[PDB]
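Encoded as structure tokens, the following chain is the form deposited in one PDB entry, with no partner shown.
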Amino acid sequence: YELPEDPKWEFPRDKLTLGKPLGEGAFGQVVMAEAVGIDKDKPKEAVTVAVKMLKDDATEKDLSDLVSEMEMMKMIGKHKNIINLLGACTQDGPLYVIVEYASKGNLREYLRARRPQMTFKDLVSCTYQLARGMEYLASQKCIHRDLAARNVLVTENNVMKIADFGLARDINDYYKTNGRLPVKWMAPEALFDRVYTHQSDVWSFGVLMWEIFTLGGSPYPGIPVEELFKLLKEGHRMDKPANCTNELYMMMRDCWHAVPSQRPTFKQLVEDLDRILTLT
């Protein structure tokens, strides 16, 4: 009933001051906190952080899931476009997973709140940053499996950070999966063949692009979940967002290629988005 010690990551409880609630999810809660000395380069400095922890109604699975999410985040190096693990309180008390704080909340709500305010370039920038994050994550041989606007967080300075590593897996060929992945963001091979590769994340990235350019629109609007399985198999794809250029639309469509190897890689998406951003 204990958690093994990992000194590299342990943070003293007496240096953490819990603050306002940030959000309640399915299996846990997140609260703002002040952490003193969590940056080992500035040992007396107070830093605002986010703390993930169990709720009073936690299940056994919630605990093991939170531990597993922490362990996944440990394996992922630091990157500007991902929410990084800062430390954890794992001994002699409730499990606290301490991560970077993003003051502007999740991307879906951020965009929906700025509907007529975002410029087109701002949207392309957002997309570019997220491609860069995914390129990094793929380079670390991590498949996210839950890429979506609700799982991107935005910092005070509008840096886009990929978050929510609960479903992410280390594949240092392909991860083999009743499915627990949000259906509207899943590549067909994930949905039908229980197979997951970096190219499955690329499909998800395409849905994310659609969410971004529709300023937080809901995917496959009006289609009941049970029908989506059939429609996806038959080649159904969403319409071009109004905000979108031909170039960006073709990019989304390519992310939704039926053949995984025919989708762009994240490296290719970053290269293309860099260019577009530059010419915008």
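All residue numbers are counted from 1 along the displayed sequence.
Although it is not shown, the form solved in complex with a partner chain is what the next lines describe.
Asker: At the 4.5 Å heavy atom threshold, is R150 in contact with the partner chain in the bound PDB entry?
Answerer: Contact check for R150: yes, within 4.5 Å of the partner chain in the bound PDB entry.
Asker: Heavy atoms within 4.5 Å of the partner chain in the bound PDB entry: does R180 have any?
Answerer: Taking the distances in the bound PDB entry, the answer for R180 is yes, it comes within 4.5 Å of the partner chain.
Asker: I'd like to check something about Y128: if you look in the bound PDB entry, is any of its heavy atoms closer than or equal to 4.5 Å to a heavy atom of the partner chain?
Answerer: Contact check for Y128: no, nothing within 4.5 Å of the partner chain in the bound PDB entry.
Asker: Can you tell me if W185 lies within 4.5 angstroms of the partner chain in the bound PDB entry, counting non-hydrogen atoms only?
Answerer: Yes, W185 is a contact residue.
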